[PDB]
Amino acid sequence: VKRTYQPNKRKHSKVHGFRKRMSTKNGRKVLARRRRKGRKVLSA
Amino acid sequence: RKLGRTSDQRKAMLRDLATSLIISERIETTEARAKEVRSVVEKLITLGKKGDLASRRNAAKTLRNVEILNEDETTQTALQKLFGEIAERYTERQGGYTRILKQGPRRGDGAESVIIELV
Amino acid sequence: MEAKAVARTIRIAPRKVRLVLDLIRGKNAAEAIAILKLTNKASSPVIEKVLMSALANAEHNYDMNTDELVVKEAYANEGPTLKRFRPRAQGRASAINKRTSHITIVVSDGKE
Amino acid sequence: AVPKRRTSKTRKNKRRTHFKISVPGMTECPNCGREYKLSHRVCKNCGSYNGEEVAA
RNA sequence: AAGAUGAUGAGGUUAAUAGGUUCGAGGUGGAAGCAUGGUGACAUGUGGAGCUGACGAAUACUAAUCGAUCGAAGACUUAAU
RNA sequence: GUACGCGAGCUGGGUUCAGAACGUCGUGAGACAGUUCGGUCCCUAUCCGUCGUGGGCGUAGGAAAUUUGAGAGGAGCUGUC
RNA sequence: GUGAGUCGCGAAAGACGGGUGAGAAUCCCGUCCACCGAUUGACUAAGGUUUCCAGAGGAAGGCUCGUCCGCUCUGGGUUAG
RNA sequence: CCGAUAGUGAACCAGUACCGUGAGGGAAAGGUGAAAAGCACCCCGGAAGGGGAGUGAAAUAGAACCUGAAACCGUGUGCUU
RNA sequence: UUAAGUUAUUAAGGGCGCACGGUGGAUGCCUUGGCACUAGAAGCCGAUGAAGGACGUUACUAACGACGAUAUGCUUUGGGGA
Ligand SMILES: [Mg+2]
Ligand SMILES: [Mg+2]
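Line by line, the protein sequences give chains 6, Q, V and 4.
Following the deposited numbering, the numbering of the first sequence begins with 2 at its first residue and continues without gaps.
Following the deposited numbering, the numbering of the second sequence begins with 4 at its first residue and continues without gaps.
Following the deposited numbering, the numbering of the third sequence begins with 1 at its first residue and continues without gaps.
Following the deposited numbering, the numbering of the fourth sequence begins with 2 at its first residue and continues without gaps.
Written as structure tokens, this is what we have:
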């Protein structure tokens, strides 16, 4: 087998990273929930 | 006949134990292996009383190609020692010196241990 | 008179210890030292320490002698239970119990 | 495969009338003044199986 | 000689219980070295040679040491001497 | 006869999964009155039962031997000349 | 708790000696032995993030023990025209 | 109105540890005594732990520290098998 | 001494009861936080750079708070009295 999640940075500091989120409407809303809810981390 | 292990590994284990016991004249072991190496080494002290070339060509098989020894900063080989020294103590006696001492058991494996010697 | 001594949170189950105790209960001290001190197990060191420790405190504090000292009662009781878990097949687990103990010895002479 | 029933506090105990362990052989030393086990060595002082023949 | 373990059995120095040694059976099938004949590979003699787990007698040289535990002092009633 | 005996002892060839195909019925998805190539069989035995085998106590004192045998099991076939 | 001190203890060739220590089949040292060798070797990328090294410690972790570790405690280590 | 399985999910270092690639989902865990006066000192022990001596009204209140039930596990014993 | 008859003693272990502990944490009591509400105010912040966060700052310093290279805080103006 090779299981899912053969990991990497660039595809993870891309897509789920910030500047994608804060370069898109929906993502800005997402961040609004992860702030309103309180969290020690974003983009992860 | 008796089995500690597989065929080969047993044999080499016995060339090893019997290679020792002469380098050191006594060791501490589990009882079973002491019984078997007793039989062997008994046969080798029966051999080293004769002292022919062929006898060396029979002690060669079991004992090892060399294992260096120094008593007095001397060079020996566990073969020179045998036919040159050991039997020359027990000529007046038969072979069949070796004795066993049921020393005690062992915390780890519960195995009985002993002290087999030829002294 | 009376006398005792304790060991706590010892990292052994009760049972394995309890057998060893059933080789003790009733005897005289010297014998029981020997009995423990020979059998090839993991509890024998411990019980040996605790027993002779008890004779120590009896001697220093209470000023007894050693002939008549006998083992009136002895018993080990259950202790905290460090739950762990070993993985196992098919995506599951199984919770091991790393057990403990509280050993209790009460040496006695029987007299005043 | 499995038990169907709960093994009660009696049978769990009657089953354990045989996990006891035997009183090991013992005897005093001939000139080491203490107990040890039979057809074996003392572990003390100088070894005494018939008297000293060892150090350990 | 019985054996999963426990049991059964042979035995425990006032002894042949097992090992070893010395003999022997059987088995394998002509050891090594040496010489000789060979350019050598190899053969012949020394030699039914040497070797040998379990089988068979003898041989106390070694190992079963010194030791502790358990176990009775025989209820009554009749009917007998 | 004993779940047309027995799968917590075995197989798994047909048949009762998914694929595909032939005749057919259906406007059609698909289905047989059928046929055909292939296709995952887990269970570390608690109790009872059964096969063997050891402890404890009893059999009015304690031991070693021998042995009776109420009962139970087993064997029970048959041709040619 | 029961199951159960029962199944399992995650392919594998180790043995001996000498040290240490309160205590060693498992720790250090050596000698022998065995194993791979288009590799169980050597070098880097992705990746993980201090696991690296020294000195101490062994409460739990390590599928056993452990005087040891990739676990803890203290300290310290990564250099580019 | 609740008074720690209730009540904010959250009384305590919680939207934490953790799980998941990610959106996201989501925990358990209060109480020594009046005051820290938090066990000087001896003894066994390698330590841990303990017996003693003392602080305190009480240390079976001694840090996993108010109260401490039931399951569960033991030790001994009157009766019994 | 004989025959016959009867019968208890055993507890390796177990059950009933009685006690003493151990385990683990319910109940009791309390609150270090919260729920729902009344009156009243207030109902925005930001390119003169927010909200929210990263990295740092202490004599020794891991974390929360507090603060921001003038850094575990500066000056002033009042208040307060070791
Ligand atoms: Mg060693
Ligand atoms: Mg409560």
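All C-beta atoms in this analysis are idealised placements derived from N, C-alpha and C, irrespective of residue type, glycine included.
Beta-carbon proximity check, residue i vs residue j, cutoff 8 Å
| i | j | result |
| --- | --- | --- |
| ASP109 (chain V) | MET64 (chain V) | yes |
| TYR62 (chain V) | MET1 (chain V) | yes |
| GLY98 (chain Q) | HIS41 (chain 4) | no |
| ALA54 (chain V) | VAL107 (chain V) | yes |
| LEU24 (chain Q) | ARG59 (chain Q) | no |
| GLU31 (chain Q) | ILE118 (chain Q) | yes |
| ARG4 (chain Q) | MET16 (chain Q) | no |
| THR80 (chain Q) | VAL69 (chain Q) | yes |
| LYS13 (chain 4) | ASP22 (chain V) | no |
| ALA7 (chain V) | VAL71 (chain V) | no |
| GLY79 (chain V) | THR9 (chain V) | yes |
| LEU104 (chain Q) | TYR50 (chain 4) | yes |
| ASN40 (chain V) | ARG36 (chain Q) | no |
Those residues which DSSP pairs with residue i across a bridge
| i | result |
| --- | --- |
| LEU82 (chain V) | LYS98 (chain V) |
| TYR75 (chain V) | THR104 (chain V) |
| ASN28 (chain V) | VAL70 (chain V) |
| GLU120 (chain Q) | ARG29 (chain Q), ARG102 (chain Q) |
| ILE48 (chain Q) | DSSP lists no partner for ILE48 (chain Q). |
| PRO108 (chain Q) | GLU115 (chain Q) |
| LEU72 (chain Q) | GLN79 (chain Q) |
| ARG35 (chain 6) | Per DSSP, none; premise fails for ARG35 (chain 6). |
| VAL6 (chain V) | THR104 (chain V) |
| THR28 (chain 4) | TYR37 (chain 4) |
| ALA93 (chain V) | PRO87 (chain V) |
Closest residue to residue i among the options (Cα-Cα distance)
| i | options | result |
| --- | --- | --- |
| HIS17 (chain 6) | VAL31 (chain 6), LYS41 (chain 6), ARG37 (chain 6), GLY39 (chain 6) | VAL31 (chain 6) |
| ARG102 (chain Q) | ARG29 (chain Q), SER10 (chain Q), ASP11 (chain Q) | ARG29 (chain Q) |
| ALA13 (chain V) | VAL46 (chain V), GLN90 (chain V), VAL106 (chain V), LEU23 (chain V) | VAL46 (chain V) |
| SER43 (chain V) | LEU19 (chain V), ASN28 (chain V), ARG25 (chain V) | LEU19 (chain V) |
| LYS27 (chain V) | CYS30 (chain 4), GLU29 (chain 4), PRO31 (chain 4), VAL24 (chain 4) | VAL24 (chain 4) |
| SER27 (chain Q) | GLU74 (chain Q), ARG96 (chain Q), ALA57 (chain Q) | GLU74 (chain Q) |
| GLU120 (chain Q) | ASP11 (chain Q), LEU72 (chain Q), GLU45 (chain Q), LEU6 (chain Q) | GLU45 (chain Q) |
| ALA29 (chain V) | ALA58 (chain V), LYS41 (chain V), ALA7 (chain V) | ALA58 (chain V) |
| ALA3 (chain V) | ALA93 (chain V), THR66 (chain V), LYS41 (chain V) | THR66 (chain V) |
| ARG25 (chain V) | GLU112 (chain V), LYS111 (chain V), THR104 (chain V) | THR104 (chain V) |
Cβ shell of residue i (< 6 Å), same chain only, five flanking positions each side left out
| i | result |
| --- | --- |
| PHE19 (chain 6) | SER44 |
| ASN77 (chain V) | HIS102 |
| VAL43 (chain Q) | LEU17, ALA21 |
| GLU73 (chain V) | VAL106 |
| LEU69 (chain V) | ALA29, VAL107, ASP109 |
| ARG88 (chain V) | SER94 |
Chain-order list of residues whose beta-carbon lies under 7 Å from that of residue i (same chain, five-residue window excluded)
| i | result |
| --- | --- |
| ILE48 (chain Q) | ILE89, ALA90, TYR93, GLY98, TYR100 |
| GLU112 (chain V) | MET1 |
| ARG11 (chain V) | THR100 |
Contacting residues, own chain, Cβ-Cβ under 8 Å from residue i (five flanking each side not counted)
| i | result |
| --- | --- |
| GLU48 (chain V) | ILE33, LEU36, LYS37 |
| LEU39 (chain 4) | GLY26, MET27, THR28 |
| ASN46 (chain 4) | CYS33 |
| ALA62 (chain Q) | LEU47, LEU50, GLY51, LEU82, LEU85, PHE86 |
| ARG35 (chain 4) | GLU29, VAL43, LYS45 |
| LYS21 (chain 6) | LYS15, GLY28 |
| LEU6 (chain Q) | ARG13 |
| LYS38 (chain Q) | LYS5, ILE103 |
| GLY48 (chain 4) | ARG42, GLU54, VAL55, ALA56, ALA57 |
| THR18 (chain 4) | none |
Cβ contact (3+ pairs, closer than 8 Å) linking the stretch 69 to 86 of chain V and the stretch 95 to 110 of chain V: yes
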